[PDB]
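Laid out below as structure tokens are two forms of one and the same protein chain, each shown alone and named structure 1 and structure 2.
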Structure 1
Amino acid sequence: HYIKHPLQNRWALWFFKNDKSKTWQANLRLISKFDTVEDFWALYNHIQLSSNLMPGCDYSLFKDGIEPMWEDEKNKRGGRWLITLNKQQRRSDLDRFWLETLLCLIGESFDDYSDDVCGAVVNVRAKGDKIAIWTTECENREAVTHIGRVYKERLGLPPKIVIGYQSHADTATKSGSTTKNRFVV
């Protein structure tokens, strides 16, 4: 006799394939949804590792009903904690960071503040991979800095590796690299 173990939230995994020829939203696809521990692992164990995705592709894991784009009602006032990897971190760090990030999401690791969490995004880029946790209100300093502190610790980043929180509104009018930060931790 085997019962499934429900998650606190239902989650959706999305795939993105870069193509600057096409409008951004056109490049996004919903893959599938899950709401149990068992189904999370069945999906994770089945699918390609972030380290193996083609340059230009993304995975996003977002709460059911939130599309992984700035436009969504739950993101437009929000922002993201951004982890930028160097080229050598592609191997034997990207996959660890991504799984630890997924587990922060589906395990509701930020306690009461996990409610402010929208999802997480991994960008596979030749320039330097990126992982981010998206939250719903960029002006909620308490929530945002709590999530950032816990997240940085969970990933075991050295203290002197400083990570930044960008508002999506700023990002949409510049670039995630040249975007100035609202917060650091």
Structure 2
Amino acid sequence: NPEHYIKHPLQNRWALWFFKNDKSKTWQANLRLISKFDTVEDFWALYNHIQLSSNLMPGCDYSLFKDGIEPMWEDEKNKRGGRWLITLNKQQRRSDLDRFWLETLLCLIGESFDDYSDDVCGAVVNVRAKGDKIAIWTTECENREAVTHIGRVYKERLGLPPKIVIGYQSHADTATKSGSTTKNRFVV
């Protein structure tokens, strides 16, 4: 059977990025493409070779974006879009950050959101002193049906109970109107 020597291709090709916020330097110098992969095998070789999020220095980010979508809000596929925010306190750095990030990676590359997986652009983990965040990025805030389905399934996959609420925030609102004070378009 070819199953013995064939790599298992993923529906999409993904780019893993790294960013360290060194305010002394330019953002292009601070941003690095780690690599692209389009197989299960190539994903695990990469994941096993890099630091866990809980072991990164504060001010460090990882992102996974569909190949062809830049890790930038201005990108055609992101600028009308937004993200589900998972906000972690210092206690959850220890208990949830790594398992939640790997859940997120596999929800993206496993296309776990059914028909609406095409709305998913990528995901981002921010390691900060004041608290860590995981976000799934989708392409369009107006697709209420796709966005709330992605939200519900993410919550179920993470094992968050119904009392715990998460919000979806527009990229344009974040960058352009209200930074940290931007309000949720949706909750789940």
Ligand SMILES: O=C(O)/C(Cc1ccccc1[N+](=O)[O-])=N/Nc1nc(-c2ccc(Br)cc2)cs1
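Sequence positions of structure 1, starting at 1, serve as the residue numbers. Definition used throughout: the rigid core is the maximal C-alpha set that superposes within 1.5 Å between two forms. Only residues modelled in both forms are compared.
In this comparison the chain labelled structure 1 is the form deposited with the ligand bound, and the other chain is not. With the core superposed, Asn27 shows a C-alpha displacement of at least 2 Å between the two structures. Superposed on the core, the two forms barely differ at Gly164: its CA moves less than 2 Å between the two structures. Comparing between the two structures on a rigid core frame, one finds that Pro68 has its C-alpha moved by 1.3 Å.
For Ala42, the displacement of the CA atom between the two structures, after superposition on the rigid core, amounts to 0.4 Å. Fit the two forms on the rigid core and the C-alpha of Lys174 turns out 4.9 Å off between the two structures.
Superposition on the rigid core leaves 19 to 27, 173 to 177 as the runs of at least three consecutive shared residues whose Cα positions differ by 2 Å or more between the two structures.
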